[PDB]
Novice: 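Starting off with a structure, shown below.
Reckoned from all heavy atoms, side chains included, excluding hydrogens, waters and symmetry mates. Letters go in sequence order (proteins before strands), and every chain restarts at 1.
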Amino acid sequence: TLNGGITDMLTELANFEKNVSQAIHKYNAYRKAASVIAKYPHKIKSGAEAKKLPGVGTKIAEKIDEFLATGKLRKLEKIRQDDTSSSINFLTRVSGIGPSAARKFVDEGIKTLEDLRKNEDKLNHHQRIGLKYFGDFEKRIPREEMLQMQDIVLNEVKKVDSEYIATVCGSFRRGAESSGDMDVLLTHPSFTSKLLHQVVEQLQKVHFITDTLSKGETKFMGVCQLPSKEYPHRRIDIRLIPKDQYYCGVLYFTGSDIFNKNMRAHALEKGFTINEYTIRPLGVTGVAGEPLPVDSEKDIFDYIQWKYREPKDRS
DNA sequence: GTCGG
DNA sequence: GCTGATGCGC
DNA sequence: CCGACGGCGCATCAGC
Ligand SMILES: *CC[C@H](OP(*)(=O)O)[C@H](O)COP(=O)(O)O
Ligand code: NA
Ligand code: NA
Ligand code: NA
Ligand code: NA
């Protein structure tokens with residue numbers, strides 16, 4: 001919008017770092033720079049101005065000056081026209097193809113979705129499924145559809161055992177109007193520090209779950225589809241969490257990221273440490289004590305004298 | 001790439 | 001066969 | 001100057 005050229009430039013740079021250079025820390029630096037500039041409510045006039053924002057340093061400032069002066073970045077123009085770099089970058093759009101698989105494919109002349117179709121022998125299961133649903137997996141999921149999906153999974157987990165607790169988390173639980181995927185956290189009173197299998201099996205039985213990317217005892221990653229134009233196929237994760245770790249898990253997997261940083265910060269200065277699993281009292285010498293009993297995500301907040309924030313208000 | 005000890 | 005490392009997604 | 005930057009759960013690879 002105001003700085004869309006800058007934010008587009010930093011996201012392209014991020015993708016190049018992640019996918020081609022395999023520099024995950026440069027990827028995360030450009031993304032951080034991109035999101036603080038996305039939030040700046042003025043049209044940036046100089047790199048010097050942008051540098052004042054946290055996450056923008058000397059190099060992104062220089063890049064912004066080149067972009068504003070010339071309307072482009074020489075290096076990105078060059079990366080963009082590079083056949084090998086552009087193809088490596090592009091293949092990572094397939095779920096299961098990371099930077100390592102995308103380079104391997106481009107090294108053996110496999111550059112396009114069309115090339116992948118004709119070399120399905122050289123793809124693993126995840127990559128094949130990623131290829132099958134390439135377009136569906138880049139579609140966002142309207143909230144209305146997420147509610148129908150939630151309807152089915154809460155109905156079917158209650159059918160296999162009414163003692164299961166299932167919470168859909170992620171952007172969905174923060175009231176977001178569209179979602180990347182569906183992340184379901186499941187727990188059962190029998191589980192504390194075959195329960196997942198029976199839920200996945202029931203969801204396949206009623207043809208909600210259509211494919212499996214990965215499954216073990218505590219994490220399912222797969223594909224689902226709303227019953228019927230056919231709805232797109234969607235990514236669903238299901239995490240089975242110890243009941244005594246559940247509400248910490250729900251808080252962790254709801255976010256947002258910046259919200260949980262600020263929540264970690266507070267708990268620290270109040271003599272408590274929160275992670276994904278437990279909240280723990282902090283001794284006078286900084287030694288974590290025993291995990292504190294947690295019965296609701298409100299409990300966690302109570303332990304650290306914060307006022308409950310509604311998932312709606314946590315973005 | 002940016003931050004901070 | 002196994003154990004540990006690596007790739008991957010989130 | 002230089003190390004941190006999230007790290008878990010699963011699939012598959014590398015080595016024994
Ligand atoms: C944006 C400029 C780069 O910052 P980073 O340490 O990735 C470098 O200064 C120039 O190197 P290159 O763009 O990676 O060749
Ligand atoms: Na800055
Ligand atoms: Na990918
Ligand atoms: Na690569
Ligand atoms: Na859907």
Side-chain angles (χ1 to χ4, degrees), chain A residues 6 9-19 21-37 47 50-64 73 75-76 88 91-105 121-131 133 137-138 141 168-173 179-186 193 196-197 200 211-223 234-242 245 248-249 252-261 263-264 273-278:
Chain A
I6 292 169
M9 155 177 91
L10 300 180
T11 299
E12 202 165 347
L13 265 57
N15 292 333
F16 164 89
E17 292 304 341
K18 180 164 185 325
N19 301 331
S21 316
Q22 307 179 22
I24 187 79
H25 304 301
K26 292 188 178 181
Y27 160 78
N28 280 312
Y30 283 121
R31 288 198 94 193
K32 182 184 202 292
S35 69
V36 298
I37 291 170
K51 197 172 187 319
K52 301 189 195 172
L53 274 40
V56 179
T58 290
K59 306 293 182 194
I60 288 166
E62 267 153 17
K63 293 173 154 68
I64 283 169
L73 239 63
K75 273 167 185 204
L76 198 45
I88 294 177
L91 295 183
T92 67
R93 285 170 58 189
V94 179
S95 196
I97 304 186
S100 178
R103 171 168 307 284
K104 164 187 83 183
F105 293 141
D121 49 319
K122 294 163 139 61
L123 305 213
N124 69 34
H125 180 66
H126 188 145
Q127 292 168 346
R128 290 194 190 115
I129 290 177
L131 176 53
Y133 304 118
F137 283 8
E138 288 191 328
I141 310 173
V168 180
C169 303
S171 71
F172 176 76
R173 202 164 90 110
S179 283
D181 64 4
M182 173 164 270
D183 191 11
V184 189
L185 312 198
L186 182 79
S193 32
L196 184 50
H197 174 87
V200 167
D211 308 88
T212 295
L213 299 173
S214 69
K215 180 177 68 206
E217 298 176 331
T218 59
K219 194 172 63 181
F220 174 82
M221 295 175 60
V223 184
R234 312 300 206 171
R235 282 274 299 106
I236 189 168
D237 295 342
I238 308 162
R239 292 176 218 271
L240 182 70
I241 300 166
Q245 293 176 339
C248 276
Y252 181 70
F253 285 104
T254 303
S256 75
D257 288 18
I258 54 147
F259 176 86
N260 271 106
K261 293 189 184 202
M263 183 137 181
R264 277 172 224 305
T273 182
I274 297 169
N275 55 27
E276 171 172 348
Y277 307 100
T278 67

Novice: Identify, between A/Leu213 and A/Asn28, the residue whose nearest nucleotide on DNA chain D lies closer to the 5' end.
Specialist: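 With A/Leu213 and A/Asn28 compared, the 5'-side residue is A/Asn28.
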Novice: Does the B/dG1 base have a donor-acceptor partner in the side chain of A/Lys26 within less than 3.5 Å?
Specialist: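 Not at all, since no donor on one side and acceptor on the other fall under 3.5 Å apart.
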Novice: From the list C/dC10, B/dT2, D/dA11, which nucleotide is the closest neighbour of the side chain of A/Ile60?
Specialist: B/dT2
Novice: Any salt bridge between A/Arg234 and A/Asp181, counting N to O under 4.0 Å?
Specialist: no
Novice: Quick check for you: among D/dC8, D/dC10, C/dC10, whose closest atom lies nearest to any side-chain atom of A/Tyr277?
Specialist: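 For the A/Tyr277 side chain, the nearest candidate turns out to be D/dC8.
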Novice: I'd like the P distance from D/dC2 over to D/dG6, given in whole Å.
Specialist: 22 Å
Novice: Consider the side chain of A/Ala29, meaning its heavy atoms from C-beta on, and name the nucleotide among C/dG9, C/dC8, B/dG1 that approaches it most closely.
Specialist: B/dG1
Novice: Take atom CZ in A/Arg31; do more than 12 heavy atoms of anything else shown fall under 6.0 Å from it?
Specialist: no
Novice: Distance check needed: D/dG7 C1' versus A/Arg264 CZ, whole Å only.
Specialist: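 Rounding to the nearest Å, CZ of A/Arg264 and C1' of D/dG7 are 12 Å apart.
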Novice: Rounded to the Å, how far apart are A/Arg128 CZ and C/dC8 P?
Specialist: 16 Å
Novice: Specify the residue among A/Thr212 and A/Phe253 whose closest nucleotide of DNA chain D lies further upstream toward the 5′ end.
Specialist: A/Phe253
Novice: Among the candidates D/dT12, D/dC10, C/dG7, find the nucleotide nearest to the side-chain atoms of A/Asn124.
Specialist: D/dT12
